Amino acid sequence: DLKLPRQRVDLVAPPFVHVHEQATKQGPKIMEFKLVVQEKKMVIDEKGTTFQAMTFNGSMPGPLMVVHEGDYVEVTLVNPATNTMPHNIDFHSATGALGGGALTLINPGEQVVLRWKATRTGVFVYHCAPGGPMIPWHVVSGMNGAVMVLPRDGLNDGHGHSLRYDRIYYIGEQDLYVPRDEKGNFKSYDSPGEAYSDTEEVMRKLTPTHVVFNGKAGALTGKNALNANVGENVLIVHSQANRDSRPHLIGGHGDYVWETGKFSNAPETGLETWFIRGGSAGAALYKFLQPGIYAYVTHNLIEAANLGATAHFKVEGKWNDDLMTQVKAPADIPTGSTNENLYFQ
């Protein structure tokens, strides 16, 4: 019925993004994606805490899908017979049938094929939503990702100037609700169903035990730091399917930020910290101007430092002393200093 060309897309694991064009002269295509549900125990923190995760394609977040405005997205959702639970998918990018949820409920051993027209530009959450209390539980178990629908002319600054990224990273932020025993130790379970009742009790109090990027504390630090170079314009897509976040690049800015995540709106310029409303994706462009380590956090610093929500960028390049310089290295305070005359003493 459609007859458009069909293009198969091979998804890649976050924080990386499958190859795509920003600007394109190709016409609308049917862009074919496969997502395979995987329930599995995963390690979420640096102490080895495990929890019964439920994922799209084995990762938290699910992979970033990228298409262009006016493409059709044909998703094969697969629920392997090794799974225990029904699953489905809601695309916040899509129109109708609860974002596709009402057309994609599949039992273990089943798959389903949904097509949705990419009529709305931006970054959007996709997440599982089987019904009722199963909706939050599948989402905070890991079952959420994002899709980016680019304008065919690529990004602009909303003032008639093209914007182009050298690199793109997808940061999925996950709130997790891990039960504790009477001693305060995280509990383990043999299956998601066995973890449910105790997890729902934690969920109800609305306070995550962990807030993680790329599915675990430390996922995107040290060896797995995100690479960049001075002069590169980097797009940082950030999603949170359930809970607000306030992203901040420590020692940088958001040059161009779509915090509500929709490219029909002009981005804000020069932000320190932006805001991802729970149930959405946003995006920030930044041109690195200085080398070194940058931390990328939610700027609830308790969440960032103590519940897992810090990533690192390692940026190669030459230091710019005009932007910042240490004028005097740490030195003993002048014995002659008169700090005891200061107005606040």
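Note that residue numbering begins at 1 and tracks the sequence as displayed.
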>> Quick check: 192-200 versus 253-261, which has the larger average CA B-factor in the record?
In response: 192-200
> Going by the B-factors listed in the PDB entry, is the mean over the C-alpha atoms higher for 293-301 or for 31-39?
Replying inline: 31-39
> Going by the deposited entry, which of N233, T209, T84, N144 has the highest CA temperature factor?
Replying inline: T84
> In this PDB entry, which of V139, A225, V178, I171 has the top CA B-factor?
Replying inline: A225
>> Please place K183 in the lowest, middle or highest third of its chain according to the CA B-factor in the PDB entry.
In response: highest
> Lowest, middle or highest third: where is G58 by Cα B-factor in its chain?
Replying inline: middle
> Of the three thirds of its chain by CA temperature factor, lowest, middle or highest, which one includes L103?
Replying inline: middle
>> Where does the C-alpha B-factor of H161 rank in its chain, lowest, middle or highest third?
In response: highest
>> Considering every modelled residue of the chain and its Cα B-factor in the PDB entry, is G154 in the lowest, middle or highest third?
In response: highest
